[PDB]
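Only one chain is given next, in structure tokens, and it is the form solved without the partner chain.
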């Protein structure tokens, strides 16, 4: 019964460079040798360091009711860069959009004049409908978000709900297309003011093929399968965003904030907020959202074989311990929070080599625990 640390590195203090060796979790690798019908424990010392680079992909709704908010995003990049600089020295910003499936009965298909712009009857010019439209990849240059905005226009769909869920998946899984960093914590800001669309909103448009975790954004920066793919469900929406180590932040208006605050319960790592209908309250929303998601150290277990289970104890701020707790709240910058995990196997499995990971949600570093039997 040995749990010797296979490799361990000192936890960093301040990150000015060489982010590839931050090593925010210690120990990194521990070899577990459990004799049949027994148990063992190992110690974990998660500690999130200051100046940890992060990347932010700003996903936005752009229906007709969503127009007036777009008139306050022309300088979001500069303002967000200054605010996030106090907490992180390296920021990456991205931009996306969505309206809905460009298909009947969501678009103005009549007359053939209206197929080029739906809002022809009210003497206004609007772009044709689109399901998802990638515009900007996450680049450390602050000016990219400033230039991308004030160029995009507003589309027009008939009903109230929008195709936001379609746009979030193309953000989640198109890692190479957008440029997710593997050594950072990812924040996905999803802003809307009205309802959103779910599965079997397809047959109402004849679009029945369900969404899959694949990336269908081609070389045109467009959801090429918009009019043939359905909407993504809750298990698809992030179980696929947990998989990419991503944190989702709802930013919705008060008239719809009730369900979203009622909906973050079933999808983890999510902090709902209130967006002023002029989108002047999103800069403070995203900053405060990270503060809660940062000082809420959890412990997600991935690829855990059914032959064994894990028992969790917590040692949060102050020496007081909380038995049967796998998460600590109310932390701050640089806090060191210990944990205790007891691993119990049933008899001896006929594998003799398995590996599961103990990971803080939305964070690259994890304990690659290797369990063997003798």
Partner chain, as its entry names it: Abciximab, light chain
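Positions refer to the first chain, counted from 1. If you superpose the two forms and keep the largest set of C-alpha atoms that fall within 1.5 Å, you have the rigid core.
From this point on, the text means the form solved in complex with the partner chain, which you will not see here.
Colleague: If contact means any heavy atom within 4.5 Å, which of 315-323, 334-342, 64-72, 43-51 contacts the partner chain in the deposited complex?
Modeller: Only one stretch passes the 4.5 Å heavy-atom test: 64-72.
Colleague: Just to be sure I understand the contacts: of 139, 89, 224, 124, which is the one whose heavy atoms reach within 4.5 angstroms of the partner chain in the deposited complex?
Modeller: If I apply the 4.5 Å criterion carefully, the residue I get is 124.
Colleague: Though the partner chain is not shown, can you say which of 215, 277, 274, 135 has a heavy atom within 4.5 Å of it in the deposited complex?
Modeller: Going through each option in turn, the one that passes is 277.
Colleague: Using the rigid core as the fixed frame, list which single one of 124, 89, 78, 284 shifts its Cα by at least 2 angstroms between the shown form and the other one.
Modeller: Of all the options, the C-alpha that shifts by at least 2 Å belongs to 124.
Colleague: Superpose the two forms on their rigid core, then report whether the C-alpha of residue 207 is displaced by 2 angstroms or more between the shown form and the other one.
Modeller: Comparing forms between the shown form and the other one, the residue 207 CA shifts at least 2 Å.
Colleague: Does residue 304 shift between the shown form and the other one by 2 angstroms or more at the C-alpha, the core having been superposed?
Modeller: No, shifts by less than 2 Å.
Colleague: After a rigid core superposition, would you say the CA of residue 145 moves by 2 angstroms or more between the shown form and the other one, or not?
Modeller: The answer is no, as the C-alpha of residue 145 shifts between the shown form and the other one by less than 2 Å after core alignment.
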